[PDB]
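[1] Dropping in the first section of the assembly, placed as in the complex:
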Amino acid sequence: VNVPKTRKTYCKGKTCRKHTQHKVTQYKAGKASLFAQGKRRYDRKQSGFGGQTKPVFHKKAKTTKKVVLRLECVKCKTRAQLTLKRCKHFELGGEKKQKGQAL
Amino acid sequence: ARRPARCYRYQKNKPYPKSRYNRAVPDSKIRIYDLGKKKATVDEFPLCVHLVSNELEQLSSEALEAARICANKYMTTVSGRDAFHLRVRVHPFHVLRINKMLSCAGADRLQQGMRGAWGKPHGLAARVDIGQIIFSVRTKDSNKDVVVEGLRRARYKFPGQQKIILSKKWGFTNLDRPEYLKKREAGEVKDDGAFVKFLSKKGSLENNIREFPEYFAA
């Protein structure tokens, strides 16, 4: 799909409380950190004899992932996020559609 | 190789005609529906006889073909090729299905039985009702004795019981012999190559003037 790099939308930043200009970028997961309770517990469980203790997913079935937008307000510098349907191809910088021209 | 006709004698299922959903059928064994001097005028063959049904069954296409052939053969050889007009009044539009079944010795190792037993088309048939006409013949009054038994000789090719009737009508028209005769006495009867048109009291008067001139020419 194609999504513009800017968008004007409601910003609940306690100072805007109205439609404002928002910069948009694609959300990405972010590196998983150690010392989280989950990782610490999982490592504790794996230590010692017994082998693999937690289930490991294999039956992958879905090909795509839902895309999530990261909105940045130009005034209050607060971040809001919203999602879209599934899509195989995604893109911010978009050459707009042109009708009259040929193939 | 043909499954005996007793397996499809009665109307057990809804009509299953060729269409955009059927799309794969054989061809009807019958192709000819009008026999004899089919260009004869309406007034050439006054007498008309019908082969009517006394049953609610399905008549196979090749059964119709065989009766057609036998009747035409007899009429042409005996009464002459230009003494009668034959018209069959049914068409094979119902497709018959079959579940062709493995018939070898030891096929049970492969047959899979009744699972997924939707049939395949192999034949066409026509659905008839009690009182519905199958065959129709129009001739001269002098040829009735030949025709009536020609049909009687033909009835043996269809399954079930079928009567033979002498219609009180003129030719293939929907009018009685005298009432039609007087209507052609006046001018409102004007024939075509095989059938005839009639003047009506309705319509644009100028157009009604254009044809049937004698009816007004009193």
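    Nice, I can see it. Residues are numbered from 1 along each chain as shown, chains lettered A, B, ... in the order given.
[2] how about the residue nearest the centre of chain A, what does it touch?
    Residue closest to the average C-alpha location in chain A (CA atoms, centre = their mean): residue A:27, at 3.0 Å. Contacts for residue A:27 were tallied using CB atoms under 8 Å, 6 or more residues apart in numbering or on different chains; they are A:68-70, A:81. Any C-beta I mention is one placed from the backbone N, CA and C, and that applies to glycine too.
[3] With residue B:138 instead?
    Taking CB under 8 Å, 6+ apart, we find residue B:138 in contact with B:40, B:45-49, B:84-85, B:87, B:171-172.
[4] Report the beta-bridge partner residues of it.
    On the basis of DSSP bridges, residue B:138 is bridged to residue B:48, residue B:85.
[5] From the contacts of residue A:27, pick the one nearest residue A:7.
    Using CB to CB, residue A:69 comes nearest to residue A:7 of the contacts of residue A:27, at 8.3 Å.
[6] circling back: name only those of the contacts of residue B:138 that count as buried.
    With burial judged by 16 or more other CB atoms under 10 Å in any protein chain shown, the buried subset of these is B:40, B:45-49, B:84-85, B:87, B:171-172.
[7] CSV for those, including distance to residue A:41?
    Shown next, in CSV, are the buried ones among the contacts of residue B:138 (distance: CB to CB, whole Å):
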residue, distance to residue A:41
B:40, 102
B:45, 103
B:46, 106
B:47, 105
B:48, 99
B:49, 99
B:84, 101
B:85, 98
B:87, 92
B:171, 100
B:172, 96
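[8] Out of the residues you listed, which is nearest to residue A:95?
    residue B:87 (70.9 Å).
[9] what sits against residue B:148?
    B:49, B:164, B:166.
[10] and the first one, what is it in contact with?
    For residue B:49, the set of contacting residues under the criterion of CB under 8 Å, 6+ apart consists of B:136-139, B:144, B:147-148, B:151, B:164-167.
[11] same deal with residue B:54?
    Each residue near residue B:54 by CB under 8 Å, 6+ apart is listed here: B:130-131, B:160-163.
[12] Highest neighbour count among those?
    The most crowded member of these, judged by other CB atoms under 10 Å in any protein chain shown, is residue B:162 (23 neighbours).
[13] In a helix, residue B:51, correct?
    No: using DSSP: H, G, I helix; E, B strand; the rest coil, the secondary structure at residue B:51 is strand, not a helix.
[14] Wait, it touches residue B:135, no?
    Yes: applying CB atoms under 8 Å, one finds residue B:51 in contact with residue B:135, separated by 3.8 Å.
[15] joint contacts of those two?
    Counting by CB under 8 Å, 6+ apart, the common neighbours of residue B:51 and residue B:135 are B:151, B:154.
[16] okay, now chain C:
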Amino acid sequence: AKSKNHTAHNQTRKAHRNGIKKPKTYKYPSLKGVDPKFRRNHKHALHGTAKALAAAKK
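    So that you can see how it sits with the rest, here is chain C on the chains above:
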């Protein structure tokens, strides 16, 4: 080894053992789902009305 898939047999009898009695009716039915803009008015309408009757019969 197949088995009977579905049927509605005997279901009508099963129902009719205990009558299809209508649920009930009441005065002053619930205002759940009605126009809240109308509710907000009505609650003050009664608020004033009771005060009026109280002062009138005082």
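[17] and the contacts of residue B:138, now that chain C is part of it?
    Per CB under 8 Å, 6+ apart, neighbours of residue B:138: B:40, B:45-49, B:84-85, B:87, B:171-172.
[18] Next: residue A:21.
    Going by CB under 8 Å, 6+ apart, residue A:21 touches A:6-8, A:73-74.
[19] I'd like to know which of the residues you listed are buried.
    Among those, those classed as buried by 16+ other CB under 10 Å are residue A:73.
[20] Just give me how far the helix or strand encompassing residue B:207 sits from the chain centre.
    Following DSSP states H and E, one finds residue B:207 within helix B:205-210. Averaging C-alpha positions (CA atoms, centre = their mean, to the nearest Å) puts helix B:205-210 36 Å from its chain's average.
[21] Tell me the first helix or strand C-terminal of that helix.
    Next in sequence after helix B:205-210, counting helices and strands by DSSP H and E, comes helix B:213-216.
[22] Which helix in chain B has the most residues?
    helix B:61-79 (DSSP state H).
[23] any idea how far the residue of chain B most remote from its centre lies from residue B:102?
    Distance from the C-alpha centroid of chain B peaks at residue B:109, with 46.7 Å (CA atoms, centre = their mean). Distance, residue B:109 to residue B:102, by CB to CB, to the nearest Å: 10 Å.
[24] so the residue sitting furthest away from the middle of chain A is in which element?
    The C-alpha centroid of chain A is most remote from residue A:49, which lies 38.2 Å away (CA atoms, centre = their mean). Per DSSP H and E: residue A:49 is located in neither a helix nor a strand.
[25] ok so, going back, CSV for the contacts of residue B:138, including distance to residue B:216?
    What follows is the contacts of residue B:138, written out as CSV (distance: CB to CB, whole Å):
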residue, distance to residue B:216
B:40, 29
B:45, 29
B:46, 27
B:47, 32
B:48, 31
B:49, 37
B:84, 36
B:85, 32
B:87, 34
B:171, 26
B:172, 28
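[26] Could you pull up the residues touching residue B:88?
    Residue B:88 is in contact with B:30, B:33-34, B:64, B:68, B:134-136, counting by CB under 8 Å, 6+ apart.
[27] still on that earlier bit, what helices or strands is the helix holding residue B:207 leaning on?
    In terms of contacts (3 or more CB pairs under 8 Å, 6 or more residues apart in numbering or on different chains; DSSP states H and E), helix B:205-210 is packed against no helix or strand at all.
[28] Any buried residues in that helix, and which?
    Buried residues in helix B:205-210 (16+ other CB under 10 Å): residue B:208.
[29] which one of the contacts of residue A:21 sits closest to residue C:4?
    Nearest to residue C:4 out of those is residue A:7 (CB to CB; 58.0 Å).
[30] which non-adjacent residue is nearest that closest one?
    residue A:22 (5.0 Å; CB to CB, 6 or more residues apart in numbering or on different chains).
[31] Another chain to add, chain D:
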Amino acid sequence: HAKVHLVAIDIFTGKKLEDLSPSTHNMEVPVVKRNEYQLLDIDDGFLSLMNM
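    One more chain to add, chain D, which I have set with the ones above:
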């Protein structure tokens, strides 16, 4: 049950590979695309390509 045994050549390296699996295992099927480029003047060991 029917078990699949198949032989397949590597697209890029050219080496020959094979395996066998029961007819249910869903191994990943890659996505490819033939893209019809034009070749410009050849510089140093790089190439030089051309879209439409």
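[32] Chain D added, so what about the contacts of residue B:49 now?
    With CB under 8 Å, 6+ apart, residue B:49 has these contacts: B:136-139, B:144, B:147-148, B:151, B:164-167.
[33] redo that, cut-off 6 Å
    Counting by CB atoms under 6 Å, 6 or more residues apart in numbering or on different chains, residue B:49 makes contact with B:137, B:147, B:166.
[34] what kind of secondary structure is the residue sitting nearest the centre point of chain D in?
    Chain D has residue D:11 as the residue nearest its centroid, 3.6 Å off, counting by CA atoms, centre = their mean. The three-state label given to residue D:11 by three-state DSSP is coil.
[35] For it, give its distance to residue B:174.
    78 Å.
[36] now the helices for chain D?
    Using DSSP H, helices in chain D do not occur.
[37] Tell me the secondary structure at residue B:154.
    Three-state assignment for residue B:154 (three-state DSSP): helix.
[38] So what's the residue count around the nearest residue to it once chain neighbours are set aside?
    In space, and not counting its chain neighbours, residue B:154 is closest to residue B:71: 4.2 Å by CB to CB, 6+ apart. Neighbour count of residue B:71, defined by other CB under 10 Å: 24.
[39] and if you look at the one 10 residues further on?
    Applying other CB under 10 Å, we find 12 residues neighbouring residue B:81.
[40] swap in residue B:90?
    Residue B:90, neighbours per other CB under 10 Å, totals 19.
[41] so it is in which element?
    Short version, using DSSP H and E: residue B:90 is in no helix or strand.
[42] Contact partners for it?
    So residue B:90 contacts B:126, B:134 (CB under 6 Å, 6+ apart).
[43] How about residue A:2?
    By CB under 6 Å, 6+ apart, the contact set of residue A:2 is A:91, A:94.
[44] next one: phi and psi at the residue farthest from the centre of chain B?
    With angles defined as degrees, to the nearest 10, residue B:109 sits at phi -70, psi -10.
[45] quick one on the thing from earlier: please report the distance of the residue farthest from the centre of chain A from residue A:56.
    According to CB to CB, residue A:49 stands 18 Å off from residue A:56.
[46] Please enumerate the helices of chain A.
    Using DSSP H, helices in chain A cover A:37-46.
[47] now the helices for chain C?
    Using DSSP H, the helices of chain C run over residues C:11-16, C:36-57.
[48] could I get the ones you listed as TSV with distance to residue D:15 and mean neighbour count?
    Listed next are the helices of chain C as TSV, based on distance: least, CB to CB, whole Å; neighbours: other CB atoms under 10 Å in any protein chain shown:
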stretch	distance to residue D:15	mean neighbour count
helix C:11-16	67	9
helix C:36-57	72	10
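[49] Reformat those as a markdown table; add distance to residue A:93.
    A markdown table is the format used below for the helices of chain C (distance: least, CB to CB, whole Å):
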| stretch | distance to residue A:93 |
| --- | --- |
| helix C:11-16 | 62 |
| helix C:36-57 | 45 |
